[PDB]
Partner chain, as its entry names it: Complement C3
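The chain that follows stands alone, in the form deposited without its partner chain, written as structure tokens.
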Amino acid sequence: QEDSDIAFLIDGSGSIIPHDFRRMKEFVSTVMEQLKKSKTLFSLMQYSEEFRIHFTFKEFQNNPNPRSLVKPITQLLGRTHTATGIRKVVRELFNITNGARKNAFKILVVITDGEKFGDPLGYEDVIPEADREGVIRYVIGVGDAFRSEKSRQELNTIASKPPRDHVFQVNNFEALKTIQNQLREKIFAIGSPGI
């Protein structure tokens, strides 16, 4: 029963086909409904080689209905600037001007379908700031892009430590639903280890 500001950063690159993008929206909608608590607020940013704040924590507070907010979003297409996406989440979504609560838990769930590409920023330019700001990061790597162990190193770089408790890997978008319970349990364990 502690305030939690949970942000989602979703990859909208052209590497994701339309049907899969819709599967991702369903996943986000469902997870938000399952994480829904009286003192929890959600915010969502989509990213590619453009960035779009679909809803701020303030907007969610005024209309706390995940599905209604997520369902209508359209895919940006383009490349994959994951690092800049993380910077914008930290500076924009978790900003008081957008409804973030001072002293609340700061949680970020990143959903990516591929390796960072075309980004002027490297993870070394954005992760330290995210850590200093206290943003707990979870990452979901979808598809063959992260089938390998070596490829998952990027996921480990994005997620908070230890990776074993913050990194999720699914073979495709249809399998996203298979980690919904696991993701909820981990986020619910924040500030309450072992419960």
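Numbering follows the first chain given and starts at 1. Whichever C-alpha set is largest while still superposing within 1.5 Å between the two forms counts as the rigid core.
This next part talks about the form solved in complex with its partner chain, which is not shown.
- For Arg67, no non-hydrogen atom is located within 4.5 Å of its partner chain in the deposited bound form, even though that partner is not displayed.
- Residue contact check for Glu49: one or more of its heavy atoms lie within 4.5 Å of its partner chain in the deposited bound form.
- Within this chain, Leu76 lines the site of its partner chain in the deposited bound form, having a heavy atom no more than 4.5 Å away.
- In the deposited bound form, its partner chain sits within 4.5 Å of a heavy atom of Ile17.
- No residue in the set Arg22, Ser29 and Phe168 has a non-hydrogen atom no more than 4.5 Å from its partner chain in the deposited bound form.
- Along 88-118, a non-hydrogen atom within 4.5 Å of its partner chain in the deposited bound form is carried only by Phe117.
- Looking at CA displacements between the shown form and the other one with the core superposed, a shift of 2 Å or more is confined, among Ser68, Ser148, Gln153, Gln61, to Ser148.
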